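In the form deposited in one PDB entry, a lone chain appears below as structure tokens.
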């Protein structure tokens, strides 16, 4: 487990365990709380079908080492796009200059401990032939085009990564991970009487491409997703103007969980709260959501896009209850902010690569199910919106304003879903909106494996989830 990665990242590059001791020693010459060495190699492929042919394919390789030196609030950081002793020495010697004062040189003995595996170590890039991979795309194109005569264009892509990491630190941490990730994306264009619109579908997770050919509710998953993109395009083609103003909004199960990612998720990342810049700073023990809301960030979920067998600091992923029956319980941490807040690591210390600094980041963020049926929720609204799908969103964690934009939405009139409506951005205040949640469904699901989260220029794979739910008052950015 550690052995396999250590052979590939250290031994194959002329390094041993004792080299790690020596470089961490170099960091500890200065007065630091902590130092780490982060080793990574990754292999990325993508294939794209458009106009019924395989237009493009790419193979991308990266490898490197990143080295941090930390003293209280302070981080020095340097890295190299190679794994070598010289790269390590150059990086450590630059990073330690964050402080000039000499340290005691005390470091804990390096000691690996077991963690639970959350996803296969089998390389998804090598586990299926190129001909079979491309046949997934060909199948998607054929099903979409057969689904409706108005389908004029289909773009379908397959993307895969295989990633090895090893981290070694001054606090004795020695840990490794082997991280697969695959994604199938489908986009379709429909035309009728000169009017055109588009629709999309897809997903994936931490497993091989075989997942796209397995069963989803009695059909082949890729067929189902091809059909979904066509359905979405046809909904949008018929959509009429959305209404403008404050009204009840019923959010679907799954990816509409973007609500949580924006309204509370980032606001509960420990760096913002340690600095006092988040609206949730100092609010542990307060009512920050309705009493119906329990919100978790969960890095333990087998096979999921957003999961972390270890995070990037070697901390095993955890089930972290952030809000319990409306009450704030705590924050997502990395090692730095945990120490500064007098708290403990939570398994949320994540970095985009060896070339970037880790910080507190989400994994899979969702709301636990309640007692209402989705039908009961819809029937409770005299006039409002039903939004079962979203694109992305955005949040200002200080002023507590957030947005998220619908990708499939409908009017609710007299407790029934009626007319499809055009894409609208919804806006509210995080805490206030969470406090307006009056009904929580019994139908929890997470997204299909599509989440990408940005913070300080760093993109990461995440998950979101929720049941169907009702927000009593939310501002809808329509025109009508």
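Positions refer to the first chain, counted from 1.
Just so it is clear, the following notes concern the form deposited with a partner chain bound, a form of the same protein that is not shown.
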property: Residue 394 within 4.5 Å of its partner chain in the deposited bound form, heavy atoms; result: yes
property: Distance check, residue 183 to its partner chain in the deposited bound form, heavy atom within 4.5 Å; result: yes
property: Its partner chain contact in the deposited bound form: residue 225, any heavy atom under 4.5 Å; result: no
property: Contact of residue 454 with its partner chain in the deposited bound form (heavy atom, 4.5 Å); result: yes
property: Its partner chain in the deposited bound form: contacting segment from 314 to 322, 255 to 263, 363 to 371, 215 to 223, heavy atom within 4.5 Å; result: 255 to 263
property: Selected contact from 450, 28, 431, 411, since only one has a non-hydrogen atom within 4.5 angstroms of its partner chain in the deposited bound form; result: 450
